[PDB]
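Counting neighbours? That spans all protein chains shown, and the Cβs are built from the backbone with ideal geometry, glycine included. Laboratory data are not the source of any read-out in this text; all were calculated from the coordinates shown.
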Amino acid sequence: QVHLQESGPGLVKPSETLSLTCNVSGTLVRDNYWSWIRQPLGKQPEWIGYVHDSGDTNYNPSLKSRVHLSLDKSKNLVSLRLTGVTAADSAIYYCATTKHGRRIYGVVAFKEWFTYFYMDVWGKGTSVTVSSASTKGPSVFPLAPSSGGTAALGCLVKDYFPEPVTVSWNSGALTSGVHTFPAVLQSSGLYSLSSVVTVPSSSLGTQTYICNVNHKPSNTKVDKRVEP
Amino acid sequence: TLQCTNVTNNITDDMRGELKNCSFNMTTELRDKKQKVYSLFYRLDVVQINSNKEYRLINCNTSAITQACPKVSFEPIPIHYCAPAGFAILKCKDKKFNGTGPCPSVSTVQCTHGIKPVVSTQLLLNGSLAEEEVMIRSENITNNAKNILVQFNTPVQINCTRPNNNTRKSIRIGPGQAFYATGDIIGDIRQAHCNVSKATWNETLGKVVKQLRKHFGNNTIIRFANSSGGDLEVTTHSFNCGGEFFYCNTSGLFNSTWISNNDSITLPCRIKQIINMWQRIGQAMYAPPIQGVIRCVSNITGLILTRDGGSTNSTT
Amino acid sequence: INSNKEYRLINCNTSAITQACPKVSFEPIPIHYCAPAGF
Amino acid sequence: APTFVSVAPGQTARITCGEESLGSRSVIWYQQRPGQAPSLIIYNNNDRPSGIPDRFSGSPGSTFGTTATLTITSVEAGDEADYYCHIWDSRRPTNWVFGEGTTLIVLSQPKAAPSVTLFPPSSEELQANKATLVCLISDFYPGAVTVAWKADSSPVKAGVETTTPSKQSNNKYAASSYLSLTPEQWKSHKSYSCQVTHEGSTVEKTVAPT
Ligand SMILES: *[C@@H]1O[C@H](CO)[C@@H](O[C@@H]2O[C@H](CO)[C@@H](O[C@@H]3O[C@H](CO[C@H]4O[C@H](CO[C@H]5O[C@H](CO)[C@@H](O)[C@H](O)[C@@H]5O)[C@@H](O)[C@H](O[C@H]5O[C@H](CO)[C@@H](O)[C@H](O)[C@@H]5O[C@H]5O[C@H](CO)[C@@H](O)[C@H](O)[C@@H]5O)[C@@H]4O)[C@@H](O)[C@H](O[C@H]4O[C@H](CO)[C@@H](O)[C@H](O)[C@@H]4O[C@H]4O[C@H](CO)[C@@H](O)[C@H](O)[C@@H]4O[C@H]4O[C@H](CO)[C@@H](O)[C@H](O)[C@@H]4O)[C@@H]3O)[C@H](O)[C@H]2NC(C)=O)[C@H](O)[C@H]1NC(C)=O
Ligand SMILES: *[C@@H]1O[C@H](CO)[C@@H](O[C@@H]2O[C@H](CO)[C@@H](O[C@@H]3O[C@H](CO[C@H]4O[C@H](CO)[C@@H](O)[C@H](O)[C@@H]4O)[C@@H](O)[C@H](O[C@H]4O[C@H](CO)[C@@H](O)[C@H](O)[C@@H]4O)[C@@H]3O)[C@H](O)[C@H]2NC(C)=O)[C@H](O)[C@H]1NC(C)=O
Ligand SMILES: *[C@@H]1O[C@H](CO)[C@@H](O[C@@H]2O[C@H](CO)[C@@H](O[C@@H]3O[C@H](CO)[C@@H](O)[C@H](O[C@H]4O[C@H](CO)[C@@](*)(O)[C@H](O)[C@@H]4O)[C@@H]3O)[C@H](O)[C@H]2NC(C)=O)[C@H](O)[C@H]1NC(C)=O
Ligand SMILES: *[C@@H]1O[C@H](CO)[C@@H](O[C@@H]2O[C@H](CO)[C@@H](O[C@@H]3O[C@H](CO)[C@@H](O)[C@H](O)[C@@H]3O)[C@H](O)[C@H]2NC(C)=O)[C@H](O)[C@H]1NC(C)=O
Ligand SMILES: *[C@@H]1O[C@H](CO)[C@@H](O[C@@H]2O[C@H](CO)[C@@H](O[C@@H]3O[C@H](CO)[C@@H](O)[C@H](O)[C@@H]3O)[C@H](O)[C@H]2NC(C)=O)[C@H](O)[C@H]1NC(C)=O
Ligand SMILES: *[C@@H]1O[C@H](CO)[C@@H](O[C@@H]2O[C@H](CO)[C@@H](O)[C@H](O)[C@H]2NC(C)=O)[C@H](O)[C@H]1NC(C)=O
Ligand SMILES: *[C@@H]1O[C@H](CO)[C@@H](O[C@@H]2O[C@H](CO)[C@@H](O)[C@H](O)[C@H]2NC(C)=O)[C@H](O)[C@H]1NC(C)=O
Ligand SMILES: *[C@@H]1O[C@H](CO)[C@@H](O[C@@H]2O[C@H](CO)[C@@H](O)[C@H](O)[C@H]2NC(C)=O)[C@H](O)[C@H]1NC(C)=O
Ligand SMILES: *[C@@H]1O[C@H](CO)[C@@H](O[C@@H]2O[C@H](CO)[C@@H](O)[C@H](O)[C@H]2NC(C)=O)[C@H](O)[C@H]1NC(C)=O
Ligand SMILES: *[C@@H]1O[C@H](CO)[C@@H](O[C@@H]2O[C@H](CO)[C@@H](O)[C@H](O)[C@H]2NC(C)=O)[C@H](O)[C@H]1NC(C)=O
Ligand SMILES: *[C@@H]1O[C@H](CO)[C@@H](O[C@@H]2O[C@H](CO)[C@@H](O)[C@H](O)[C@H]2NC(C)=O)[C@H](O)[C@H]1NC(C)=O
Ligand SMILES: *[C@@H]1O[C@H](CO)[C@@H](O[C@@H]2O[C@H](CO)[C@@H](O)[C@H](O)[C@H]2NC(C)=O)[C@H](O)[C@H]1NC(C)=O
Ligand SMILES: *[C@@H]1O[C@H](CO)[C@@H](O)[C@H](O)[C@H]1NC(C)=O
Ligand SMILES: *[C@@H]1O[C@H](CO)[C@@H](O)[C@H](O)[C@H]1NC(C)=O
Ligand SMILES: *[C@@H]1O[C@H](CO)[C@@H](O)[C@H](O)[C@H]1NC(C)=O
Ligand SMILES: *[C@@H]1O[C@H](CO)[C@@H](O)[C@H](O)[C@H]1NC(C)=O
Ligand SMILES: *[C@@H]1O[C@H](CO)[C@@H](O)[C@H](O)[C@H]1NC(C)=O
């Protein structure tokens, strides 16, 4: 199996250098081609460039004098560097393996061909937002259960910046009936999310329900327990 | 003055352009207002002269130029030569005859067989095949300055194509006259080429060198090499196919060395439109572009060889 | 062809044009057609 | 910039992306389900990798003068996503930006009753001199809702923050409505209500302090 994991700062100040890392598990970084793909919110994906061993590395003509790529064969990972970031660079960066192909249309010998690349195994991706505003730790508040034989239960993540926040339940021991809602941009410039779980009313237990809230930009991991 | 640039393609730096996208002014039907029209010329047809890079037609500094009418065709058709009353044409009917000397079986005819006027260099195309073993004819074998005409027994299948779907732009230089320019190319930028089956060519060359040893010693080494140099019409296989004038590289055909005892050979072919054939100065012909990919299959029936003077004569 | 109104000769966009010499005349004169010897 | 194609379930969907063909192409197609990462569907014009059904077909990259077209036979509700294309033309430089995508709408979804849930301010926030009412709305189609808060029978003017509908691998669009109040404002009125207007119906859930 091939598993790719992206990890970055999440928030980078303007006119700075963005640094990202793609932790690769399942294959060697020397036996494959590696590409980075960026995508602003509501736009088409933009190819950043491909990197390979033996010096075969090309960049995006649009980002030529700002991007730098690297491959760590000792730590088995792919690196990325972007100097002089602006608000247009705020997007979702992906790291994906790359298989090359060669399309022959002519007589081969006269170089009447061209090489095309395509990504087959993508990663989950990391979120990068460029803003000169500071980072805020969220303040998590529990939503008490209230009501058929069923009952509702959830948590509340109030005032944070920037996105995202990973919320799990019972350290990942509860994936049935969980519906996590998208955050809201307050007028103050802070996000706020919610996550509810449909559970049977029979919860005297105490069937301890502890939601796990994680915020990479503030390095904040909050586990909250909801009690009636 | 032609303000040209590279044709729309994607690198490399070894493509050395060849095809140029030229823009220039032009006279319309009226004798007033001008015309900003563009064409597409081959590299052999233009030449730069010293802001953009500036070119000109290669013949503008040599002679006048005339466009071939698109109504006529350059298809070689059989032409029988006949003799008037009171005269006659004798025909040699021996299977082995080097063109000079007494002929044993002679017959008379009024009109010769159908001889197609195929204008070509280096490779004799669509000619009459010789009988039994291949023939070697020369005015003076000892003289390395006299050409050596070779005649084949078995025809060599040659395949030539023009992988470029050209478009014919008919710009109007009125009143009356009309120039046929080359529009954009539909598809990929490929160059013309000619294919010769390695199997057929191996046998043909081995039958000639065995006949060459009957004149240059039984146990001698015969080496084949490409042209020495000069004009483009002498160093390349010049011919016509579909109205266009090909110029193919014959360096892949004359690269061998024969002692006393499965695919196709592709040859790089260039195309020139503005020609000055027959060593004629004053009359330059612009071959009008031809729409679509041109394909032709011909018969290789003979060669025109020259021998070097470097000798070391009794060796190779 | 489209300030004053602008025209052109009707043949400039069709073919070339030549002026008849004023020396010759277009007067139809009687012409007898004859057959050669043997006909 | 965005384009849409609505096709009835079981029928055939066709998608246009990218510029007009100028030369021999090698169009690579990708499908992006909402909130996830792009997956490979058809590479090299009409070559599907392992895992892709034969329902997804692409126009051959040998036709000069046409746009890239993605044909989807037997359209199902699962095919409702965004589709991008990677134009590989032999006359044009390498496109480092995918062509503009086209969104596929599987008709006859058709309707979905909203599942609303109103939570009172937590016992924990009131202690931080803060209060917040939460109204969760899920399992509704299409994504077009209007939320109006109420203090007893009087509407609430300020403090309302509502998210925008967002589909989640289903007909389920998601929407959360928040009302930041003060501990004095919460214990003041008799009860608060969450009036949700969806399409033509309106569901109301209330809450009373204890
Ligand atoms: C002078 O001499 C020189 C030198 O000898 C000669 O130069 C030669 O010119 C020709 C043409 O001018 C040129 O042909 C091209 O070849 C391309 C590559 O073909 C070869 O490879 C393929 C695949 O190999 C890959 O994949 C293998 C795994 O499958 C892998 O192991 C390999 O390593 C490699 O990665 C191979 O299949 C071909 O075999 C063909 O030839 C065999 C005989 O030798 C024959 O037995 C085979 O069956 C096969 O012939 C066809 O077979 C079926 C029908 O039965 C077809 O469906 C196949 O597609 C075969 O054509 C070769 O070994 C080839 O891709 C080129 O054709 C594509 O490109 C043109 C131009 O763009 C298009 O018009 C074509 O339609 C075609 O496009 C399809 O394929 C590409 C690539 O896959 C796709 O991206 C396209 O979207 C499209 O595919 C879709 O559309 C079609 C439409 O019908 C659809 O059917 C498909 O299902 C799909 O939906 C082109 O033909 C050759 O390379 C060149 N050099 C040599 C050495 O020959 C000159 O021509 C000579 N000149 C003269 C005048 O004689
Ligand atoms: C050799 O060099 C010549 C230059 O002298 C090239 O000729 C030019 O080719 C370009 C193509 O790249 C032409 O540019 C195109 O012009 C079109 C004309 O617009 C018509 O339509 C609009 C309405 O939309 C009318 O208002 C207008 O009056 C015209 O009637 C444009 O429509 C094209 O736009 C398309 O491409 C752009 C590319 O960015 C896209 O963004 C657009 O969305 C759209 O898809 C395009 O701009 C140009 O006109 C040509 N000039 C001449 C004088 O012909 C040859 O192509 C070149 N050939 C080779 C082989 O190198
Ligand atoms: C448009 O044209 C450009 C030309 O600038 C072209 O980009 C070029 O691609 C070639 C390969 O296709 C690159 O050459 C490489 O050089 C490195 C050494 O630095 C080699 O290791 C590479 O070898 C690999 O690729 C070969 C491709 O045939 C494989 O066959 C081989 O086994 C190796 O895997 C390769 O030779 C060249 O560096 C770039 N040039 C630039 C400026 O990036 C581009 O592909 C063309 N695109 C289209 C759509 O036509
Ligand atoms: C190039 O060489 C080939 C041979 O390799 C030529 O093909 C041959 O053409 C001749 C006539 O030009 C054909 O002869 C015909 O034979 C039939 C038999 O019945 C007869 O009815 C006809 O009246 C005629 O005599 C011959 O069959 C044919 N070869 C084959 C294998 O069919 C070709 O014409 C040459 N191309 C040139 C010179 O451009
Ligand atoms: C130059 O072109 C000619 C034709 O344009 C080529 O002759 C062709 O040769 C192929 C074989 O490669 C013949 O194809 C097949 O032959 C088999 C018999 O083995 C038959 O079963 C098929 O139905 C088909 O005929 C093809 O017929 C033949 N064409 C003609 C008109 O005879 C020639 O090979 C080319 N030369 C070079 C050097 O490329
Ligand atoms: C075609 O002719 C026009 C003239 O109408 C040229 O445009 C002039 O170019 C000269 C330099 O070459 C400039 O100094 C003028 O300002 C231009 N405009 C005029 C004279 O109105 C045009 O460059 C020509 N194109 C060619 C030769 O390719
Ligand atoms: C006409 O122009 C051509 C091309 O510029 C000239 O051909 C050149 O001749 C010189 C002779 O000294 C060679 O060194 C060049 O290499 C030739 N150029 C090319 C492109 O082949 C030709 O001499 C000119 N004729 C004149 C000026 O009368
Ligand atoms: C063409 O063939 C004839 C034979 O019919 C050659 O004539 C003979 O040539 C040899 C030397 O090459 C002499 O020894 C003979 O005496 C010649 N015989 C006659 C009857 O003249 C003739 O030389 C050949 N021509 C060429 C150019 O090779
Ligand atoms: C004809 O073909 C020969 C050989 O294929 C060409 O010679 C090549 O010339 C280039 C420089 O122009 C060299 O880089 C290559 O190494 C040469 N090839 C070989 C095998 O030595 C020649 O240029 C072609 N064209 C002409 C007009 O002769
Ligand atoms: C004639 O053919 C020979 C091959 O029979 C060519 O030899 C090449 O030589 C170079 C180095 O000198 C090698 O790198 C190539 O691998 C050789 N070719 C092959 C097919 O092995 C020679 O270049 C040819 N001559 C010309 C003028 O093309
Ligand atoms: C070269 O391109 C032309 C168009 O630029 C092609 O002509 C078309 O041919 C098809 C069928 O062959 C017709 O249906 C179209 O109407 C033609 N287009 C025009 C504008 O007339 C031509 O087929 C191409 N050549 C090749 C060999 O494919
Ligand atoms: C040359 O000009 C004449 C006159 O403008 C053109 O004749 C016209 O032809 C069109 C055909 O669609 C008719 O509708 C007009 O009524 C004609 N005009 C007159 C005055 O009779 C002729 O077509 C032109 N030739 C070209 C442009 O090649
Ligand atoms: C990548 O994984 C290694 C362990 O596999 C870990 O030490 C490292 O910190 C990870 N990279 C990042 C950027 O966290
Ligand atoms: C045209 O292409 C040649 C190919 O080597 C290149 O050297 C030259 O700079 C190009 N010029 C233009 C104007 O594109
Ligand atoms: C042929 O050339 C040789 C030397 O090149 C010369 O001696 C002879 O007279 C020429 N003519 C012949 C042999 O008829
Ligand atoms: C044909 O040429 C090949 C090399 O190109 C050679 O191996 C073979 O011996 C030749 N054929 C004959 C009959 O000698
Ligand atoms: C060359 O030798 C061959 C025998 O290998 C013979 O048949 C031929 O006649 C000889 N040619 C001469 C001596 O000119």
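Take the stretch A:133-228, compute every pairwise Cα distance, and split them into 5 Å bins from 0; I just need the percent in each bin.
Computed distribution, short to long bins: 3, 13, 25, 24, 16, 10, 6, 3, 1, 0.
Report relative contact order for chain D in percent, whole number only (criteria: Cα-Cα under 8 Å, sequence separation at least 6). Write out the running numbers ahead of the final one.
Working: 491 pairs, mean separation 39.5, N = 210.
Computed value for chain D: 19 percent relative contact order.
Rounded to the nearest 500 deg cm²/dmol, what is the calculated helix-only ellipticity per residue at 222 nm for chain B, with -39500 (n - 2.57) per DSSP H run of length n ≥ 4?
Rounded to the nearest 500, it is -1500 deg cm²/dmol.
Amide H to amide H under 5 Å from residue A:33: which residues, 5+ apart in sequence or cross-chain, H placed 1.01 Å off N in plane?
A:98
What number do you get for the protein assembly as shown when its Cα radius of gyration is normalised by 2.2 N^0.38 Å, N = residues?
Cα Rg divided by the expected 2.2 N^0.38 Å: 1.48.
Amide H to amide H under 5 Å from residue B:182: which residues, 5+ apart in sequence or cross-chain, H placed 1.01 Å off N in plane?
HN-HN under 5 Å from residue B:182: B:40, B:169.
Once the principal axes of the Cα atoms of chain A are found, what is the range along each, listed largest first in whole angstroms?
Ordered largest first, chain A gives principal extents of 77, 39, 34 Å.
With 18 Å as the cut-off, how large is the P(r) tail for the stretch B:27-120, expressed as percent of Cα-Cα pairs?
Cα-Cα pairs in the stretch B:27-120 separated by more than 18 Å: 75 percent.
Other chains' Cβ within 10 Å of D:38-45 residues: what's the mean?
Per-residue shielding by partner chains comes out at 4.
Grab the beta carbon distance between residue A:3 and residue D:187, set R0 = 51 Å, and tell me the FRET efficiency rounded to 0.05.
0.50
Dividing the convex hull volume of the alpha carbon atoms of chain D by its residue count, what do you get in Å³ per residue?
Numbers: hull volume 33.9 nm³, N = 210.
Given the Cα convex hull of chain D, per-residue volume reads 161 Å³.
Which whole-Hz couplings ³J(HN,Hα) result when phi for each residue of the stretch B:80-89 is put into the Karplus expression 6.51 cos²θ - 1.76 cosθ + 1.60, θ = phi - 60°, listed in order with x for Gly and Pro?
3J(HN,Hα) across the stretch B:80-89, in whole Hz: 8, 8, 10, 9, x, 4, x, 10, 7, 10.
How shielded is D:110-122 by partner chains, expressed as the average number of their Cβ atoms within 10 Å of its Cβ atoms?
Details: counts 0, 0, 0, 0, 0, 4, 0, 10, 3, 14, 3, 4, 10.
Whole-number average of other-chain Cβ neighbours for D:110-122 is 4.
Kindly provide the trypsin sites (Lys or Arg not before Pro) of the stretch B:179-216 that DSSP labels as loop, not H, G, I, E or B, and whose Cβ sees at most 13 other Cβ atoms within 10 Å.
Sparse-neighbourhood loop trypsin sites (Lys or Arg not before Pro): B:214.
Can you list residues from other chains, or at least 5 along the same chain, whose modelled amide H is less than 5 Å from the amide H of residue A:107?
Under 5 Å from the amide H of residue A:107: A:112.
Just to check I understand the Karplus step: with θ = phi - 60° and J = 6.51 cos²θ - 1.76 cosθ + 1.60, what whole-Hz values come out for the stretch B:183-190, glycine and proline as x?
Per-residue couplings from phi come out as x, 6, 9, 8, x, 8, 7, 10 Hz.
Between residue B:314 and residue A:147, what is the spin-label point distance in nm, taking each point 7 Å from the Cα along the Cα→C-beta axis?
12.3 nm
Per DSSP H run of at least 4 residues, take -39500 (n - 2.57); add these up for chain D, divide by its residues and hand me the 222 nm value, nearest 500 deg cm²/dmol.
Estimated from H runs of four or more residues: -500 deg cm²/dmol.
With a 10 Å Cβ neighbour count serving as the proxy for reagent exposure, in which order, fewest first, do B:216, B:87, B:41, C:26 appear?
C:26, B:87, B:216, B:41
How many Cβ atoms of partner chains, on average, are near each residue of A:95-107 if near means within 10 Å of its Cβ?
The shielding value for this peptide is 4.
Compute log10 of I(q)/I(0) for the stretch D:98-210 with the Debye formula, placing one identical point scatterer on every Cα and leaving out solvent, at q = 0.12, 0.13, 0.19 Å⁻¹, to two decimals.
Calculated log10 I(q)/I(0) at the listed q: -0.49, -0.55, -0.96.
Do the alpha carbons of any pairs in A:158/D:150; B:96/B:198; D:167/D:187; A:64/D:167 sit beyond 26 Å of each other, and which pairs?
From the list (A:158/D:150; B:96/B:198; D:167/D:187; A:64/D:167), the Cα-Cα distance tops 26 Å for B:96/B:198; D:167/D:187; A:64/D:167.
Shape verdict for chain B, please, from the Cα gyration tensor: rounded (a/c under 1.5), prolate (a/b greater than b/c) or oblate.
prolate
How big is Rg to Rh over the stretch D:165-210, alpha-carbon atoms, Rh as the Kirkwood inverse-mean-distance radius? Working shown, then result.
On the way: Rg = 14.3 Å, Rh = 13.1 Å.
Value, to two decimals: 1.10.
Under 20 Å from the Cα of residue D:172, which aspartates and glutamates turn up, not counting those fewer than eight places away in the same chain?
The qualifying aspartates and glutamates are D:76, D:79, D:80, D:82, D:139, D:199, D:204.
Compare D:200, D:65, D:99 in a GNM of chain D, Cα atoms joined below 10 Å, and give the one with the largest fluctuation.
D:200
Greater than 22 Å separation of Cα atoms is the criterion. Which listed pairs, A:43/A:136; B:146/B:214; B:34/B:169, meet it?
In this structure, A:43/A:136 lie more than 22 Å apart at Cα.
Give the Debye-formula value of log10 I(q)/I(0) at each listed q (0.14, 0.17 Å⁻¹), with one equal scatterer per alpha carbon of the stretch A:120-177, two decimals each.
Results for the stretch A:120-177 at q = 0.14, 0.17 Å⁻¹ read -0.65, -0.85.
Starting from the Cα of residue D:105, step 7 Å along the direction of its Cβ; do the same at residue B:297; then give the gap between the two resulting points in nm.
5.6 nm
Classify the stretch B:228-316 as rounded, prolate or oblate from the Cα gyration tensor: take a ≥ b ≥ c as the square roots of its eigenvalues, call it rounded if a/c is under 1.5, otherwise prolate when a/b beats b/c and oblate if not.
Oblate shape, in that a/c is at least 1.5 and b/c is the bigger or equal ratio.
Give me a comma-separated list of calculated 3J(HN,Hα) values for the stretch D:130-139, in order, Karplus coefficients 6.51, -1.76, 1.60 applied at θ = phi - 60°, integers in Hz, x for any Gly or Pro.
Result, ordered by residue: 9, 8, 8, 8, 10, 10, 8, 10, 9, 6 Hz.
For the stretch A:1-132, what is Rg from Cα atoms divided by 2.2 N^0.38 Å, rounded to two decimals?
In units of the globular-protein estimate, the stretch A:1-132 measures up at 1.12.
Just want the ordering: D:41, A:210, from fewest to most Cβ atoms lying within 10 Å of their own Cβ.
By the 10 Å Cβ count, ascending: A:210, D:41.
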